[PDB]
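Here is how names work: the chains are called A, B, and so on, in the same order as the sequence lines, proteins then strands, and each is numbered from 1. Quick note: numbers below take in every heavy atom, side chains included, and nothing from hydrogens, waters or symmetry partners.
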Amino acid sequence: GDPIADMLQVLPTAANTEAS
Amino acid sequence: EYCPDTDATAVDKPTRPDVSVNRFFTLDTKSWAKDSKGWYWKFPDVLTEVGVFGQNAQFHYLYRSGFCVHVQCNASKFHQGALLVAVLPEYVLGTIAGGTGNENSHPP
Ligand SMILES: [Cl-]
Ligand SMILES: [K+]
């Protein structure tokens with residue numbers, strides 16, 4: 001059929017800190 | 001109480017040494033005389049050089065705690081007198097301003 005084949009960064013608040 | 005997570009701001013894990021610092025420390029005894037004016041102590045200043053509490057207070061920038069304050073005074077059933085023992089938060093001291101009130105001196 002075809003003759004030619006080749007043809008938000010900042011959220012509302014500051015990040016929380018999680019316990020280690 | 002220990003500081004809750006909702007109120008904390010510093011992010012490092014705190015050290016809570018417990019029994020080595022939450023215990024009773026007895027300071028130098030005062031002598032009550034018929035003409036005594038009264039005394040004061042500042043917290044936590046009183047213990048910054050005493051025991052493991054003192055060491056932690058000096059090794060860390062941040063400190064926090066409550067206190068159980070116990071004042072003792074014995075006398076006989078024939079003695080009389082009354083001491084008012086009170087806790088004044090943020091006890092800022094002032095001077096007599098040179099007596100005349102003209103000198104803006106400060107407590108040392
Ligand atoms: Cl003064
Ligand atoms: K957040």
Side-chain angles (χ1 to χ4, degrees):
Chain A
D2 306 300
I4 298 91
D6 70 75
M7 71 187 301
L8 280 172
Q9 217 67 214
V10 182
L11 286 34
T13 53
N16 288 344
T17 297
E18 305 186 306
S20 291
Chain B
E1 61 175 21
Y2 285 123
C3 182
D5 293 341
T6 53
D7 289 345
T9 183
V11 308
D12 60 322
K13 190 185 192 305
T15 173
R16 305 186 176 78
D18 199 26
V19 298
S20 62
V21 304
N22 305 318
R23 60 180 302 285
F24 285 115
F25 296 92
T26 292
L27 323 179
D28 281 357
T29 294
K30 300 293 110 182
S31 290
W32 189 1
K34 293 188 179 180
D35 67 347
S36 297
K37 295 284 189 186
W39 308 261
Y40 66 82
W41 291 261
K42 300 298 199 65
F43 294 62
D45 170 47
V46 281
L47 299 177
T48 60
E49 305 191 311
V50 176
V52 179
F53 176 89
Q55 292 304 129
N56 276 276
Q58 301 183 343
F59 271 100
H60 298 83
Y61 162 43
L62 300 179
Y63 145 78
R64 175 207 165 86
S65 95
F67 277 98
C68 171
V69 182
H70 186 66
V71 180
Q72 306 136 94
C73 186
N74 297 92
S76 84
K77 286 172 156 79
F78 293 73
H79 284 74
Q80 65 191 39
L83 300 170
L84 171 58
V85 178
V87 165
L88 176 52
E90 303 291 0
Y91 182 19
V92 176
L93 292 156
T95 70
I96 53 167
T100 60
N102 301 321
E103 212 205 318
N104 191 8
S105 50
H106 309 296

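Note: the hydrophobic cluster containing B:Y63 does not contain B:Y2 (ILVMFWY, side chain heavy atoms under 4.5 Å, direct or indirect links). Transitive grouping of hydrophobic side chains (ILVMFWY, heavy atoms separated by less than 4.5 Å) keeps B:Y40 and B:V69 in distinct clusters. Hydrophobic clustering places B:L47 together with B:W41 (ILVMFWY residues linked when any side-chain heavy atoms are closer than 4.5 Å, directly or through intermediates). B:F43 and B:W39 fall within a single hydrophobic cluster, where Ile, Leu, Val, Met, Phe, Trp and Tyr side chains are chained together by heavy-atom contacts under 4.5 Å. In this structure, B:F25 is a member of the same hydrophobic cluster as B:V71, with clusters built from ILVMFWY side-chain heavy atoms closer than 4.5 Å.
The distance from the NE2 atom of B:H70 to the OG1 atom of B:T26 is 8.5 Å, given to the nearest 0.5 Å. To the nearest 0.5 Å, atoms CG (B:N104) and OG1 (B:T95) are separated by 7.0 Å. Remark: B:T29 OG1 to B:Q72 CD distance equals 8.0 Å, nearest 0.5 Å.
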Show me the donor-acceptor pairs within less than 3.5 Å that the side chains of residues 49-62 of chain B make with the rest of the protein, sequence neighbours left out.
{"from": "B:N56", "atom 1": "ND2", "to": "B:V52", "atom 2": "O", "distance (Å)": "2.9"}
{"from": "B:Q58", "atom 1": "NE2", "to": "B:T48", "atom 2": "O", "distance (Å)": "3.1"}
{"from": "B:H60", "atom 1": "ND1", "to": "B:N56", "atom 2": "O", "distance (Å)": "2.9"}

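Heavy-atom contacts from other residues, nucleotides or ligands closer than 6.0 Å to CG of B:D45 number more than 12. Counting non-hydrogen atoms of other residues, nucleotides and ligands closer than 6.0 Å to NZ of B:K42 gives a total above 12.
Closest of all the heavy-atom pairs between B:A97 and B:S105 is CA-OG, 3.7 Å. Annotation for B:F67 and B:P44: closest pair CZ-CB, 4.2 Å, computed over non-hydrogen atoms.
With B:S36 contributing its side chain and B:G38 its backbone, the two residues share no donor-acceptor pair below 3.5 Å.
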